[PDB]
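Here the structure comes first, spelled out in structure tokens, and everything after it is commentary.
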Amino acid sequence: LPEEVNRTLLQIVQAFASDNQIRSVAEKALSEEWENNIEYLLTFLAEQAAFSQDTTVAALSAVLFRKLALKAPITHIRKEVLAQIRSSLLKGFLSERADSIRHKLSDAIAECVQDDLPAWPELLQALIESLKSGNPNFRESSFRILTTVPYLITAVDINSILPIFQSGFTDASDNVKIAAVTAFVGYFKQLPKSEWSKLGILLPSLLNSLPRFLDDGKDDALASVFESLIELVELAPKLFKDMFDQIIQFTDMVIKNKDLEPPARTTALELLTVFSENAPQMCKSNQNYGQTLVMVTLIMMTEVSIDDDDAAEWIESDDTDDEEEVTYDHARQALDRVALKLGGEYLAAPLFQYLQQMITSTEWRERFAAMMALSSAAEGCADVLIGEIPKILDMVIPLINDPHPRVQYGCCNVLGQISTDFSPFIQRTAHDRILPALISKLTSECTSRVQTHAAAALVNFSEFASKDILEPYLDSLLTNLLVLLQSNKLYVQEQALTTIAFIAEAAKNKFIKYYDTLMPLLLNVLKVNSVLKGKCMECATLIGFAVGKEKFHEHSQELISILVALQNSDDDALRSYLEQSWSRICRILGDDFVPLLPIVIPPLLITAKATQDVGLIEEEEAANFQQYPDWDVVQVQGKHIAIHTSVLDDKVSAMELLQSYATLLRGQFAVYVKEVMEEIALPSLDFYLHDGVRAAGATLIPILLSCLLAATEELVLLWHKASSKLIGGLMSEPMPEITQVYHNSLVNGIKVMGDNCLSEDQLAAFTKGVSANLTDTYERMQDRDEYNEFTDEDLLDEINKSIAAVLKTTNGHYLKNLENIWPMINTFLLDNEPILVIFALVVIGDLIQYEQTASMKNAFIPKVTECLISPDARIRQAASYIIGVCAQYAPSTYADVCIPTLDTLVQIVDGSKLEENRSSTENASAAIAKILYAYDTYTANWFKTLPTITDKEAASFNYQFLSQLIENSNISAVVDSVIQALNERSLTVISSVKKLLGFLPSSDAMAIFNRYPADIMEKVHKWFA
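Going letter by letter, the sequence shown gives residues 4 to 21, 23 to 38, 41 to 79, 91 to 545, 550 to 591, 595 to 736, 741 to 812, 817 to 821, 829 to 889, 892 to 951, 954 to 978, 986 to 1018, 1027 to 1045, 1052 to 1089 in PDB author numbering.
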């Protein structure tokens, strides 16, 4: 560099070390003054990083160099100057640099290796030498560069690179070892699989180098390696098959060694568990995984109240978790997660081997652990455990009265967890065992923690319990809970209110009995602490719904005044109990809520208008932004962003409430429609960073319209704006799941708005979207390895609904646009994948409903007649509906196919009468009835397919036909066929039947409804003329 340039830059970069003022003045100077100067700047910084004897200036420059070299970008730099930079960087790397500075140089160097940059063979050469150096920092930094630039691994000869890694794993220095493993795993995460087979052979060397960490007592570094291995299991789990037992045994060995600090034990557990989430067939196929996993997690769950056998510290504290019981926490999460992926088929047996034993230990911690373990595994193993239910209770329930209060707590928990996981069956079956067990723990004989947890477990039970089942136990439950309500400890009171609330909600009308006593107790609590009052308001309004409006009106006025007070006064946890309560009052009050809207809606508007609160951010400026629970950072197109997740979640919550107020208030909500639609719903579709928002936006639309419609041009303006943005969203929406919501949204919009609600350019725009969606679905299904082991059906189901909706609103005229995507529809019809076939068949049936299709008759009847006798009942269903609809709307143009196939329909109609394909064969039945109407042996066949109970449109036709086959000793089958249809709520046919019964003796007539029980004879009486 020119000598002047140097001291200019030297001064500025020295201003960087320091204060805001001196350091911002330097920042300005650089960003304002320094495409004319970039290569000088780059050259300067690279020289500083390489040669400056000042640590701080050196570091700074290296970091700056890295930042500015991406921004440049490095590609657009003069070959002449790249070379100089590369050489000085390399010279600095190979000189005497402090460890931290070599790291930064390494990362700068990485910025100068790029596929389209001129070849840099000096780097390869310097790395090969450095890996052989006796200075650990040279070795570490070399693997680091191969971590950042993994493609360099491909550029080295295979017979050099393999020994490089084997040496890496084996190195004297732990830091070198960590860097080699990082680099090794990094390889897999940056290169295509076609390249993997080339380092894969090394996994054994890596695994074999593991026990050495334990020998050296270097378990903290073991944890780092376990973390790289965790990533490798996600990428290439199969690679570990057949060294499988050796990693399993090794992690077993480590987890059991309980004077290791926990990091190495918890990461080893994570390694174990992650296999089940990435290679379930593998873990299932070896008995040893399940066994080690269960054994190991049971041990860890024992690690509670350490050095505190009485649990003194725990009885005194609140019912929140002591998050300092880390290994215990990890163990239950693990057991849960594995159980979920492998199922009970695979782990009930090993689990129970160990439970039996620990249940009876004299170590309380083990009896506890057994409860917590069952409790963790229960969801996952539901499939098997749902039928070992009395056996479970026999083991669990004795401990309800265990000497030790934590075992008691433990027992309450299992009863709670199980009540949820085995619902609704367990409510029906075990109330006689469960409720008394729990109720007995409510008494003030027991400790605060246990009483509260028993009360907690009662919520779990109640969620899925019948009012009828709970009824005999209410008095007992209530009297006990009232005691806890008076407890002296905040948390006991709070749980008591919540338990009462949720019991009440289940009890419904059976709770009316208890209302007069409870409600003033509740009012007094309110008049007297945010969670208490919120939990109290929640309890009051849940009680209010359970008892109904009239009864709730005894205190509603006062309650409402307290709500208002609470809302407008000087925890954000309260805001929610308030919101949900107002909303619950509106479900109780019906139209009487309307006066309250001006209290309740304004705060919801504010929240529901939160903008996409985004920070276009920088690489380092992330990991710290990531610290916050309330924030998450993602990458859009390489360049990153910080999104305030909490705020966006809150927007959704508020939109949900706006949506339910609209749904219940209907016409009454009309005053808000324009505001919510334009300032909330619609802008929400452009929230590309949060799909909940986008979805809530779409579901709001038709509900808003329907509200304005019921009250009253603006409706049209709004609808036009809305439908347009939905349609345009169909082409640009990346998530198929959201795409489905838009279509469903349009269908609902169309049903609200009625006839011809869409314009011609809209219809064309909807077709491109439909086409893009059909295109992207085909391409995803043409997807499905050496290393690895309904959202599409649902989307297509909805697209069928939108197309039908659009056809109906246009009354056929959409057939013109429909021609453009016939190639799509055709490919589908003759693919193999049954889902695409069903889609196309269903579209086809819609086309025919609107004799102008002959154009195509020749193209799809061959496939339809195939489909008729497919193994797949959903295919037969779609096909027969098509044939039925052919005869109905296009009778002369399809007379030739319909009558031939008529025999096929008599055959398909005869597994037919099952639940699973009752659907299919009911359509066939209706299909033949349709044909017999459009154009005697056949009709007698048809009859032997009644009654029709599952499909509504089919049933509609068959009994219309049955009514014509009459008005223009089968008599008890005739009547029954009809009674069954009504009774099963599938579908004037009655008028025809009356006349038939007229033509019989009074005693013959009466004997038909000999068979029928009282409840359906109550209904029969109220059906007849």
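Note that CB positions come from ideal geometry on N, CA and C, so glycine has one too.
Item, Value
"Considering just the uninterrupted stretch of the beta strand (DSSP E) at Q893, what are its terminal residues?", "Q893 -> no beta strand (DSSP E), and no H or E assigned at all."
"Report the rounded CA-to-CA distance for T998 versus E761, giving the unit in angstroms.", "41 angstroms"
"DSSP on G565, reduced to helix/strand/coil?", "helix"
"Quick check on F1011: buried or exposed, where buried means 16 or more other Cβ atoms within 10 Å of its Cβ?", "buried"
"Answer yes or no: do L455 and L475 have a C-beta to C-beta separation smaller than 8 angstroms?", "yes"
"Could you give the C-beta distance for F201 and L223, rounded to a whole number, given that I count them as a contact under 8 angstroms?", "7 angstroms"
"Just to confirm, are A196 and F160 a CB contact at a threshold of 8 angstroms?", "yes"
"Would you call the region 330 to 345 in contact with the region 377 to 384, where contact means no fewer than 3 C-beta pairs closer than 8 angstroms?", "no"
"Return the Cβ separation of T635 and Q683 in integer angstroms, given the expectation that the two are a contact with Cβ distance under 8 angstroms.", "No, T635 and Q683 are not in contact; Cβ-Cβ is about 20 angstroms, not under 8 angstroms."
"If you drop the 5 nearest sequence neighbours on each side, which residues of the same chain put their C-beta closer than 8 angstroms to that of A646?", "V657, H664, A666"
"If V343 sits next to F385, beta carbons under 8 angstroms apart, how far is it from one beta carbon to the other, in whole angstroms?", "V343 to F385, Cβ: 16 angstroms. No contact."
"By the three-class DSSP mapping on this structure, what secondary structure does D656 have?", "strand"
"Give every residue of the same chain whose Cβ lies closer than 8 angstroms to the Cβ of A253, excluding the five residues on either side of it in the sequence, and list them in chain order.", "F205, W213, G217, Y819, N820"
"Let's test the definition: count the other Cβ atoms within 10 Å of the Cβ of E958 and tell me whether it reaches 16, buried, or not, exposed.", "exposed"
"Within the continuous alpha helix (DSSP H) that includes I1072, where are the two ends?", "Taken as a continuous stretch (DSSP letters only), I1072 belongs to no alpha helix (DSSP H), as it is neither H nor E."
"For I842 and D885, which I take to be in contact (beta-carbon distance under 8 angstroms), what is that distance rounded to the nearest angstrom?", "6 angstroms"
"So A561 and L539 are supposed to be a Cβ contact under 8 angstroms. How far apart are they, rounded?", "5 angstroms"
"Determine the DSSP secondary structure at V638, reduced to helix, strand or coil.", "strand"
"What does the Cβ neighbour count give for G614, buried or exposed, with the cut at 16 atoms within 10 Å?", "exposed"
"Under 8 angstroms by Cβ, that's how I've got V568 and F528 pegged, so tell me the actual separation to the nearest angstrom.", "6 angstroms"
"Kindly indicate the opening and closing residues of the beta strand (DSSP E) around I667.", "663 to 667"
"Am I right that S293 and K358 are in contact with their C-beta atoms under 8 angstroms? What's the rounded C-beta distance?", "5 angstroms"
"My assumption, with CB atoms under 8 angstroms, is that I443 sits in contact with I406. Please give the rounded CB distance.", "7 angstroms"
"Buried or exposed for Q768, please, with buried defined as at least 16 other CB atoms from any protein chain shown within 10 angstroms of its CB.", "buried"
"Out of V311, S751, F261, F617, which one is the CA nearest neighbour of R690?", "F617"
"Roughly how many whole angstroms lie between the Cα atoms of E45 and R95?", "8 angstroms"
"Could you work out which residue in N839, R917, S245, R608 is closest to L774 when comparing CA atoms only?", "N839"
"Is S436 near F369, with beta carbons less than 8 angstroms apart?", "no"
"Between the Cα of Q374 and those of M412, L746, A356, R282, spot the shortest distance and give me the residue it belongs to.", "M412"
"Looking only at its chain, what residues have a beta carbon closer than 7 angstroms to the beta carbon of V63, apart from the 5 residues adjacent to it on each side?", "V16, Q17, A20, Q54"
"Near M701, which residues of its chain fall below 6 angstroms by C-beta distance, leaving aside the five closest residues on each side in sequence?", "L728, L746"
"Which residue spans inside the region 333 to 390 form an unbroken beta strand (DSSP E) run of at least 3?", "none"
"Roughly how many angstroms separate the alpha carbons of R599 and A719, rounded to a whole number?", "24 angstroms"
"Would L4 and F71 qualify as a contact pair, given that the criterion is a beta-carbon distance under 8 angstroms?", "no"
"Do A518 and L498 come within 8 angstroms of each other at the CB atom, strictly closer than that value?", "no"
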